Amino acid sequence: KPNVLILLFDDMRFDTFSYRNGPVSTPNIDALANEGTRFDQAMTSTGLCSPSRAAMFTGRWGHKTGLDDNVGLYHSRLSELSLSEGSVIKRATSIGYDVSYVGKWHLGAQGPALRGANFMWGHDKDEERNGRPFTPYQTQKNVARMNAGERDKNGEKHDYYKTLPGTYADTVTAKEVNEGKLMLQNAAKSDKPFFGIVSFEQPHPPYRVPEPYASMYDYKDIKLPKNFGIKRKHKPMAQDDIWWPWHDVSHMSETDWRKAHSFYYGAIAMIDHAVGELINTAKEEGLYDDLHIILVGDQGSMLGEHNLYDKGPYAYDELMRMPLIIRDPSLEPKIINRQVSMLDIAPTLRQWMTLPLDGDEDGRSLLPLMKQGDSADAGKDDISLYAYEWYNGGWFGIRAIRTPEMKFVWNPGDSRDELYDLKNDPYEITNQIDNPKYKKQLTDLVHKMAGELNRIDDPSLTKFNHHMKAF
């Protein structure tokens, strides 16, 4: 049974890395990408922390697991993923894997340990369950100070970007690396197969890095994209509301937005260092050659595209797209340009590890694509499905279907749907939902979405068929 290592990162965009022709030199990630299978059109399930992680680790959509919002935050109803959901963690433990977990969990206090893992170190490790939702009174005060024209140390805005004191060695990231090194050292001492997860809070906003990462990218040299610095025209109302207090970006200057990029880029450089330290330890311990590796970001993050920061209830590519590398040491490297989903991770682990089934797989194993390339799916529709059921206690019910040339977003809590022509408008600036020139494409996408909601037994199909009755 093969050794598996997952390197999971929070709110890491698909596009930043040098292997994607992005602005940050990421030699260690690029080397893993070129040794493994690049999923260059990977899509998350939801641009939100807990839902994306539950889908990743269970292999089922939120309507089946119940984990359809963030946990532990104003004003979500949810505290934890049900312990009835053992996830790949309990399934691997059941067949004799030593499972270990380091870092960000965000699926309920103690959750990895309750499912049989060694939860070595992380925020959720010694927390009591059923805590009250964290309510951002301080961030509300801070953003009011920003709107009043105040700034933090050195003119920074610490709800967006911050220079941390000290060095890399003092960071949470370095501690997560060091716990991952200990995990690898301990695994090399056992004959038992191991399944390790190292889950980093970096590079999530607010973008907080020590020197030299804080200053390595000059804000003045940042290239800003075509959808930066735009007013949202004819977009759904949920994109305008201040769900979390830092979504008020009315105080942000162009310099503030540029520093949000430059500090994020420093965080990506720091993550590449962290990946190299773990890969070099895996090599030194003699585990690397047979190590089956997943590197993934749970979703992306908005850096001022459509005038949005962080995440919220919407489907733009900067949030919906995720970086994904799956390295199987038995296979030659390939680049997969067909779309894949976060729902495909658990079936891939299940095939690698011969995990027992614990119910439905709403995705598919990526091994055929890893072995054969895009030709594995020749003749099949190239779609992805995205949901945004909730944002921190706000219900939206959002569903998107994305093809290589178009995206349709159903907003059942609104009157306004979205239709983007990704071939002619890849920056998703122009909502074409009301344009009669796109009636054929809209009709196709509505039918594709109905098929997908039926496939996954989404109970919102009934409302979909009412809203879409003109098709």
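When you see a residue number, it is the position in the sequence shown, counting from 1.
request  = Taking the mean of the C-alpha B-factors per stretch from the entry, tell me the winner out of 226-234 and 117-125.
outcome  = Stretch with the greater average CA B-factor: 226-234.
Greater mean Cα temperature factor according to the PDB record, 440-448 or 423-431 = Per the PDB entry, the higher value belongs to 440-448.
inquiry  = For the CA B factor values reported in this entry, which option in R364, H292, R132, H247 has the top one?
reply    = Spelled out: the listed residue with the top C-alpha B-factor is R364.
ask   = Per the coordinate record, which of the options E305, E179, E389, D377 holds the highest CA temperature factor?
value = Answer, based on the entry's C-alpha B-factors: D377.
request  = Comparing against every modelled residue in the chain, figure out the third that the C-alpha B-factor of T171 lands in (lowest, middle or highest).
outcome  = Middle third by C-alpha B-factor.
key: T26 - which third its CA temperature factor falls in, relative to the rest of the chain   = Middle third of the chain for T26's C-alpha B-factor.
Within-chain third of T37 by Cα B-factor, per the entry = Its C-alpha B-factor belongs to the lowest third of this chain's values.
request  = Compare the C-alpha B factor of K189 with those of the other modelled residues in its chain, then answer lowest, middle or highest third.
outcome  = As the PDB entry reports it, the C-alpha B-factor of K189 lands in the highest third of its chain.
ask   = Against its chain's modelled residues, does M468's Cα B factor rank lowest, middle or highest third?
value = Tercile = highest for this residue's CA B-factor.
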